[PDB]
Amino acid sequence: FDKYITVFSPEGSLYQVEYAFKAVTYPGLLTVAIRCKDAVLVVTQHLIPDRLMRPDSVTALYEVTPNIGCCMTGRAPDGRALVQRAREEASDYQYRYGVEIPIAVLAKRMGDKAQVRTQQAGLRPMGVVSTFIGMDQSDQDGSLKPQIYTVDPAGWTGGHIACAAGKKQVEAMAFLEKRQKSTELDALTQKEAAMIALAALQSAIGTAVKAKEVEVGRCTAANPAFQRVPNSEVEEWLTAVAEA
Amino acid sequence: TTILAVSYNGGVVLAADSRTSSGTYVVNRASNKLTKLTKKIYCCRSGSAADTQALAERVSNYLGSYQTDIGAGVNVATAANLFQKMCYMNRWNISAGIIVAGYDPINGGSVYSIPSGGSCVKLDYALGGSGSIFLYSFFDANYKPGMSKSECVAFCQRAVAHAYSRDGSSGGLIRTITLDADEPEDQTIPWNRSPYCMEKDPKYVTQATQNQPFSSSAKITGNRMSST
């Protein structure tokens, strides 16, 4: 009776929210995001088994605004819907305040939106983990710092240094924790970072990736707009991983 | 206000004077009436600052949403169309002459006039503002189309200067922007380097002879400049 509606179980847990988390892993795709000193990257698998499907047409990366990307991981159409809502939120916010929505606010508002679906009955939680990346201006110096905010189906919002979601999100995370005991991740370069991200993806999914099986999104202090990284450059990082 | 836009091969120039007047006092002598809608699409605003700023902000917002959504550039026609819609929906409650002009890769540079009634007309060039009434003949007489970017910029500066030399409600700086495949170039001519004004035209240096001295003749000499 509690498994099918958004009421609490006796243990104080919301089944439909837990199950929405399983919707995140069900597709079998992993995503990794990582910030370095002056950039943030998000890498997600981009699997096109169907030879006849048009690779450039399917994506888990989305501009939310010019300065905020997001990667949705999970039930794809639920991700697409959150993106629409994000977009609306971002645009309503620009209209109301005259400025582009800061990414931690956008995340927070999307967490509010999710939370609602967990407290009002008969709305299915969106089975995605949203990962917004972007730069963020500091009030002291005006310098741009890179940010990664997730939102999950419970509405739990968080900022991260690196983060993975999706299938094997645990073995990806374990790999990055492990590589965070060596190096300091916010002192890295966009290259050393992407290498770590890609290596974590590779570790987790137990295979070497090719460039066209990932899709990578980036924001940088230099060029803050969120951009799909071209394959040429992902190939070069993947070469730099297999070597060193 | 004097606003105008002109097409050249591959883009547009927008130009405007800078004055905002509460009748006969100048509240702002450095207004920017060239308002960005997207990267390469601008409007020039005339009429009620309030009204036109509100619409431009609204349209710019809608158009940014729309660009993010279709993942591609916006056409000038789309921007004009939206502007027209809003201008027409609110035609009774706003005073608003718009020009929407810009560059998009499908159609090159375009210019649309959206005058007070909310018509939208696609033209080669457009004029708006109280000052525009002074430029119609200037264009009829002196504008040849097919000008280069740089010629077109200079011509629009001249045109604005002519207008604001006669319209009391226009004045100040001349702001221009060009919009084409390349990066937008804004420019601002300060009044004191205006390419025309009556106060420096040599044919308006001689004073009208109104204050003749008392004489024994009907022969007109000059104005009486001194008591002696």
# chains A, B, ... in the order shown; residues from 1 in each chain; ligands from 1
>>> interface_residues(of="chain A", to="chain B", cutoff="10 Å", atoms="only C-alpha atoms", output="list in words")
residues 62, 63, 64, 65, 66, 83, 84, 87, 88, 90, 91, 92, 94, 95 and 98 of chain A
>>> select_by_dssp(residues="region 33-201 of chain B", states="alpha helix (DSSP H)", output="PyMOL selection string")
chain B and resi 49-70+76-89+136-142+149-166
>>> select_by_dssp(residues="chain B", states="strand (DSSP E)", output="PyMOL selection string")
chain B and resi 3-8+11-17+20-22+25-28+34-38+41-47+96-104+108-114+121-123+125-128+174-180+185-189
>>> residues_around(residues="residue 78 (chain A)", least_positions_apart="5", cutoff="9 Å", atoms="only C-alpha atoms", output="PyMOL selection string")
chain A and resi 72+83+125-128
>>> write_last_selection(atoms="N, CA, C and O atoms", output="compact mmCIF listing (two decimals), in the first residue's frame")
# COMPACT_ATOMS: atom_id res chain seq x y z
N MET A 72 21.55 14.34 -17.94
CA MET A 72 20.53 13.58 -17.28
C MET A 72 20.89 12.13 -17.40
O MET A 72 21.32 11.66 -18.44
N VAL A 83 14.62 18.81 -18.10
CA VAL A 83 15.36 19.83 -18.77
C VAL A 83 14.44 20.92 -19.19
O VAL A 83 14.78 22.07 -19.00
N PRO A 125 7.73 10.34 -9.51
CA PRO A 125 9.02 11.01 -9.48
C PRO A 125 9.76 10.76 -10.77
O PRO A 125 9.60 9.71 -11.37
N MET A 126 10.49 11.77 -11.25
CA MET A 126 11.28 11.61 -12.46
C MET A 126 12.49 10.76 -12.08
O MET A 126 13.22 11.13 -11.16
N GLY A 127 12.71 9.69 -12.84
CA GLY A 127 13.72 8.73 -12.50
C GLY A 127 15.07 9.10 -13.09
O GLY A 127 15.63 8.35 -13.87
N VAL A 128 15.57 10.28 -12.72
CA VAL A 128 16.84 10.73 -13.23
C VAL A 128 17.67 11.34 -12.17
O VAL A 128 17.18 11.89 -11.23
>>> residues_around(residues="region 98-112 of chain B", least_positions_apart="6", cutoff="6 Å", atoms="only C-alpha atoms", output="PDB file with C-alpha atoms, in the first residue's frame")
ATOM      1  CA  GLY B  10      25.364  40.892 -45.790  1.00  0.00           C
ATOM      2  CA  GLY B  11      24.103  42.889 -42.820  1.00  0.00           C
ATOM      3  CA  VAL B  12      22.509  45.890 -41.240  1.00  0.00           C
ATOM      4  CA  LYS B  40      22.924  39.454 -33.873  1.00  0.00           C
ATOM      5  CA  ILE B  41      19.449  40.912 -33.607  1.00  0.00           C
ATOM      6  CA  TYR B  42      18.686  44.292 -32.192  1.00  0.00           C
ATOM      7  CA  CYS B  43      15.828  46.584 -31.943  1.00  0.00           C
ATOM      8  CA  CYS B  44      15.732  50.319 -32.020  1.00  0.00           C
ATOM      9  CA  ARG B  45      13.233  51.675 -29.701  1.00  0.00           C
ATOM     10  CA  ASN B  75      16.046  34.398 -37.510  1.00  0.00           C
ATOM     11  CA  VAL B  76      15.332  38.047 -37.678  1.00  0.00           C
ATOM     12  CA  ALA B  80      10.183  40.649 -35.667  1.00  0.00           C
ATOM     13  CA  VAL B 121       6.919  45.542 -42.611  1.00  0.00           C
ATOM     14  CA  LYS B 122      10.077  44.180 -44.071  1.00  0.00           C
ATOM     15  CA  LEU B 123      12.162  46.825 -45.709  1.00  0.00           C
ATOM     16  CA  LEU B 179      25.228  43.291 -37.470  1.00  0.00           C
ATOM     17  CA  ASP B 180      26.438  40.738 -39.973  1.00  0.00           C
TER      18      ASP B 180
END
>>> residues_around(residues="region 37-52 of chain A", least_positions_apart="3", cutoff="6 Å", atoms="only C-alpha atoms", output="PDB file with C-alpha atoms, in the first residue's frame")
ATOM      1  CA  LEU A  29      24.562   4.127 -18.746  1.00  0.00           C
ATOM      2  CA  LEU A  30      27.123   5.833 -16.593  1.00  0.00           C
ATOM      3  CA  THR A  31      27.918   9.485 -16.339  1.00  0.00           C
ATOM      4  CA  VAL A  32      30.868  11.208 -14.738  1.00  0.00           C
ATOM      5  CA  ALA A  33      31.479  14.835 -14.021  1.00  0.00           C
ATOM      6  CA  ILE A  34      34.560  16.505 -12.698  1.00  0.00           C
ATOM      7  CA  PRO A 146      33.380  25.661 -11.896  1.00  0.00           C
ATOM      8  CA  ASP A 186      40.719  21.329  -7.947  1.00  0.00           C
ATOM      9  CA  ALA A 187      44.394  21.989  -8.820  1.00  0.00           C
ATOM     10  CA  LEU A 188      44.259  19.822 -11.969  1.00  0.00           C
ATOM     11  CA  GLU A 213      30.772   6.017 -27.357  1.00  0.00           C
ATOM     12  CA  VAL A 214      31.073   9.004 -25.097  1.00  0.00           C
ATOM     13  CA  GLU A 215      29.883  12.548 -25.257  1.00  0.00           C
ATOM     14  CA  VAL A 216      31.582  15.187 -23.277  1.00  0.00           C
ATOM     15  CA  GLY A 217      30.403  18.571 -22.191  1.00  0.00           C
ATOM     16  CA  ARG A 218      32.480  21.370 -20.824  1.00  0.00           C
ATOM     17  CA  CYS A 219      32.509  24.807 -19.344  1.00  0.00           C
ATOM     18  CA  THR A 220      35.721  26.743 -18.842  1.00  0.00           C
ATOM     19  CA  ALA A 221      36.625  30.026 -17.160  1.00  0.00           C
TER      20      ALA A 221
END
>>> residues_around(residues="residue 185 (chain B)", least_positions_apart="6", cutoff="12 Å", atoms="only C-alpha atoms", output="number ranges by chain")
B: 11-15, 39-40, 149-150, 153, 175-179
>>> closest_residue(among="B:154, B:114, B:96, B:197", to="residue 82 (chain B)", atoms="only C-alpha atoms")
B:114
>>> decode(residues="region 4-34 of chain B", atoms="N, CA, C and O atoms", output="short mmCIF file (atom, residue, chain, number, x, y, z; two decimals), in the first residue's frame")
data_model
loop_
_atom_site.label_atom_id
_atom_site.label_comp_id
_atom_site.auth_asym_id
_atom_site.auth_seq_id
_atom_site.Cartn_x
_atom_site.Cartn_y
_atom_site.Cartn_z
N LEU B 4 17.03 54.45 -36.89
CA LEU B 4 16.92 53.94 -38.22
C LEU B 4 17.78 52.72 -38.41
O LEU B 4 18.71 52.49 -37.67
N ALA B 5 17.46 52.01 -39.47
CA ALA B 5 18.27 50.89 -39.83
C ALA B 5 18.30 50.76 -41.30
O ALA B 5 17.29 50.88 -41.91
N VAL B 6 19.42 50.28 -41.77
CA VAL B 6 19.70 50.16 -43.17
C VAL B 6 20.39 48.83 -43.43
O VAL B 6 21.19 48.34 -42.68
N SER B 7 20.05 48.25 -44.55
CA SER B 7 20.65 47.02 -45.01
C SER B 7 21.85 47.35 -45.86
O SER B 7 21.91 48.41 -46.47
N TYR B 8 22.85 46.50 -45.81
CA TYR B 8 23.94 46.51 -46.76
C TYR B 8 24.18 45.09 -47.14
O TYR B 8 23.45 44.23 -46.71
N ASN B 9 25.13 44.85 -48.03
CA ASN B 9 25.20 43.48 -48.50
C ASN B 9 25.81 42.67 -47.37
O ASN B 9 26.95 42.89 -46.95
N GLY B 10 24.96 41.82 -46.82
CA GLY B 10 25.36 40.89 -45.79
C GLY B 10 25.08 41.34 -44.36
O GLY B 10 25.37 40.56 -43.45
N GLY B 11 24.48 42.52 -44.16
CA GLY B 11 24.10 42.89 -42.82
C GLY B 11 23.30 44.16 -42.72
O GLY B 11 22.70 44.59 -43.69
N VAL B 12 23.28 44.72 -41.51
CA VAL B 12 22.51 45.89 -41.24
C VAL B 12 23.27 46.81 -40.33
O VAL B 12 24.06 46.39 -39.54
N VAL B 13 22.94 48.07 -40.44
CA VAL B 13 23.33 49.06 -39.48
C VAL B 13 22.11 49.55 -38.74
O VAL B 13 21.09 49.78 -39.34
N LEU B 14 22.25 49.68 -37.45
CA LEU B 14 21.25 50.41 -36.73
C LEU B 14 21.87 51.65 -36.20
O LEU B 14 23.05 51.63 -35.95
N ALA B 15 21.07 52.70 -36.07
CA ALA B 15 21.59 53.94 -35.56
C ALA B 15 20.55 54.66 -34.75
O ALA B 15 19.37 54.46 -34.89
N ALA B 16 21.00 55.45 -33.82
CA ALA B 16 20.04 56.20 -33.07
C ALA B 16 20.72 57.35 -32.42
O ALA B 16 21.88 57.30 -32.19
N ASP B 17 19.96 58.36 -32.13
CA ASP B 17 20.42 59.39 -31.24
C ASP B 17 20.22 58.92 -29.82
O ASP B 17 19.57 57.94 -29.52
N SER B 18 20.63 59.70 -28.89
CA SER B 18 20.68 59.28 -27.53
C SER B 18 19.78 60.06 -26.63
O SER B 18 19.92 59.96 -25.48
N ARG B 19 18.86 60.83 -27.06
CA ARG B 19 18.22 61.68 -26.09
C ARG B 19 16.87 61.16 -25.64
O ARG B 19 16.05 60.84 -26.47
N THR B 20 16.60 61.20 -24.35
CA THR B 20 15.29 60.89 -23.87
C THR B 20 14.75 62.15 -23.27
O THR B 20 15.36 62.65 -22.38
N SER B 21 13.60 62.61 -23.71
CA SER B 21 13.10 63.88 -23.24
C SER B 21 11.74 63.71 -22.61
O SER B 21 10.89 63.01 -23.15
N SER B 22 11.58 64.37 -21.46
CA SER B 22 10.30 64.63 -20.80
C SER B 22 9.83 65.99 -21.29
O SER B 22 10.01 67.00 -20.60
N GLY B 23 9.37 65.98 -22.55
CA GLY B 23 8.85 67.15 -23.24
C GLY B 23 9.94 68.05 -23.82
O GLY B 23 10.16 68.10 -25.03
N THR B 24 10.52 68.86 -22.93
CA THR B 24 11.42 69.93 -23.33
C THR B 24 12.68 69.94 -22.49
O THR B 24 13.58 70.71 -22.75
N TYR B 25 12.71 69.11 -21.47
CA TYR B 25 13.88 68.85 -20.68
C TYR B 25 14.44 67.50 -21.12
O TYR B 25 13.71 66.62 -21.53
N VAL B 26 15.74 67.36 -21.07
CA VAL B 26 16.36 66.11 -21.42
C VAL B 26 16.67 65.34 -20.15
O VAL B 26 17.60 65.68 -19.42
N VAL B 27 15.95 64.26 -19.91
CA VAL B 27 16.27 63.48 -18.74
C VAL B 27 17.48 62.62 -18.99
O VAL B 27 18.29 62.35 -18.12
N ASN B 28 17.64 62.17 -20.19
CA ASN B 28 18.81 61.34 -20.38
C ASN B 28 19.41 61.80 -21.67
O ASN B 28 18.72 61.84 -22.64
N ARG B 29 20.68 62.09 -21.64
CA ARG B 29 21.27 62.55 -22.85
C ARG B 29 22.18 61.50 -23.36
O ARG B 29 22.90 61.78 -24.28
N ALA B 30 22.13 60.33 -22.80
CA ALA B 30 22.96 59.27 -23.30
C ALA B 30 22.23 57.97 -23.22
O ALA B 30 22.81 56.98 -22.82
N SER B 31 21.00 57.96 -23.69
CA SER B 31 20.27 56.73 -23.69
C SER B 31 20.79 55.85 -24.80
O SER B 31 21.53 56.29 -25.67
N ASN B 32 20.57 54.55 -24.61
CA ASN B 32 20.93 53.56 -25.62
C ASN B 32 19.63 52.97 -26.15
O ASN B 32 18.87 52.34 -25.44
N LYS B 33 19.33 53.32 -27.38
CA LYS B 33 18.05 52.92 -27.91
C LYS B 33 18.25 51.76 -28.83
O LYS B 33 17.28 51.24 -29.29
N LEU B 34 19.48 51.31 -28.99
CA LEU B 34 19.77 50.09 -29.68
C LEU B 34 19.90 48.95 -28.71
O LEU B 34 20.92 48.81 -28.08
#
